[PDB]
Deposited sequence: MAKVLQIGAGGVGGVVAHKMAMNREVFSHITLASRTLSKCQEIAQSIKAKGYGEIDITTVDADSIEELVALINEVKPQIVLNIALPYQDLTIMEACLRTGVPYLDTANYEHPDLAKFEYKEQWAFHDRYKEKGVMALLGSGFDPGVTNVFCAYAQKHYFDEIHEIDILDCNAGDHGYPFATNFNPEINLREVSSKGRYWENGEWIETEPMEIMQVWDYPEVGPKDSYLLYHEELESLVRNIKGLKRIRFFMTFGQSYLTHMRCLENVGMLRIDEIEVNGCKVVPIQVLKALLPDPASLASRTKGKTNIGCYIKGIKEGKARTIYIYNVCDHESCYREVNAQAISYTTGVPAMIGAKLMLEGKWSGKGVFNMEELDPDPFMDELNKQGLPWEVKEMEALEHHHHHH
């Protein structure tokens, strides 16, 4: 098949590499990004590791007419949106007009699903499929849930998503993304769902020490996360769902200190005559995020702790995946964060092009059969585990 991928960032790289490692499904690969050089750098690594060639081009993903044009010239069977979230809607419109399947790893943001779910009837009518959040979280976390709902429970009551990155880059402080993102995670109020109500919290207000398998105990804080919005819709009998994420104390200290002196401001200021932007100086001071991939060591562990009922008795399982940073860099020239997000995308595409995951309209992961997806994960470098946990019942006569 001929595929067109948009986006050459860290995740974008892993996706292209993984597609180049499955040439029986992805025969002709076209990679398009705003900056041509990023695309070249990826082709360079793909070629060097012996995975073949890939066509590279650029494009203004903000222009529908341009995207339509590019799609009409390449004639792809599926378009992978591994680009910025603020381009979902324009890429989806292009796909709708050309009648070509769509897949992305993050919802719209100018973040919720409303805008994307809005393309549903138009997609179904055009006879086109659109898959959403095909990453690890959202994505594999969604599949773990649907898979658990299919083979381990009759009813799922509580779901906790636990995301931990123990990776260590060797620097006092260094961010993997654009500082504005890191600030947003710890600045936004936390949100979760219980008994059909969305409950908010103060930023980083709720924390627990969870012992992540193969990693050990870590402080885990409660944050909002996009899959919570589709899981409450799909998992039947759900009473509560929360999302937790790992946060080292050293890291939280640097962020707060930087924010305190205003090193995270976006407005301009006068510095010896010339106008400068606080956060831009930070980006220029912190080490290059690209270079962190070869220095990061340690493991990551993301998964779901699920409590429900099975054959009338309480049950509790823990489905998760552990990934090693150094291994990821050796295989696809990227760290575990990009890796865990990129493989699931390659898989969702593979499934869609093979017909194991077909439909007409816009879909979330939990809506499709997880079995073929779960088999691929064990084969593509993201082996998962199911661990039976303590499930105590209290009878009262």
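The deposited chain is incompletely modelled, with C-alpha atoms absent over 1, 112-116, 404-405.
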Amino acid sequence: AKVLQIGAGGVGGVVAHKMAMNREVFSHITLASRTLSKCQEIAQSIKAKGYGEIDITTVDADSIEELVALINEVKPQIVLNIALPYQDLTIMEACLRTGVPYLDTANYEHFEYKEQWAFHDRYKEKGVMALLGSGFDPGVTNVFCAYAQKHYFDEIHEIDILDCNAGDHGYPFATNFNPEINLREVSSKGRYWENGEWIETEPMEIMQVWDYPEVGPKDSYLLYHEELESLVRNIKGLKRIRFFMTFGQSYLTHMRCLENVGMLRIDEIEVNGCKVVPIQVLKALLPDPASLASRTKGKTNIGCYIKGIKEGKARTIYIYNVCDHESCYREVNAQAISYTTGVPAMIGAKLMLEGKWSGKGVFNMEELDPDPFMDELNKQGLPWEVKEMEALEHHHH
From here on, numbers count along this sequence of modelled residues.
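The stretch with the higher mean CA B factor, choosing between 282-290 and 248-256, is 282-290. Across the two stretches, 202-210 and 311-319, the PDB entry reports the greater mean Cα temperature factor for 202-210.
For the set 75, 126, 225, 325, the maximum C-alpha B-factor listed in the entry falls on 75. In the PDB entry, the Cα temperature factor peaks, among 107, 81, 98, 301, at 107. Among the modelled residues of the chain, residue 192 sits in the lowest third by CA temperature factor in this PDB entry. Per-chain ranking of the deposited C-alpha B factor places residue 111 in the highest third. Remark: residue 28 belongs to the highest third of its chain, ranked by C-alpha B-factor as recorded. For residue 18, the recorded CA B-factor ranks within the lowest third of the chain. Only modelled residues enter the ranking.
Remark: residue 367 belongs to the middle third of its chain, ranked by C-alpha B-factor as recorded.
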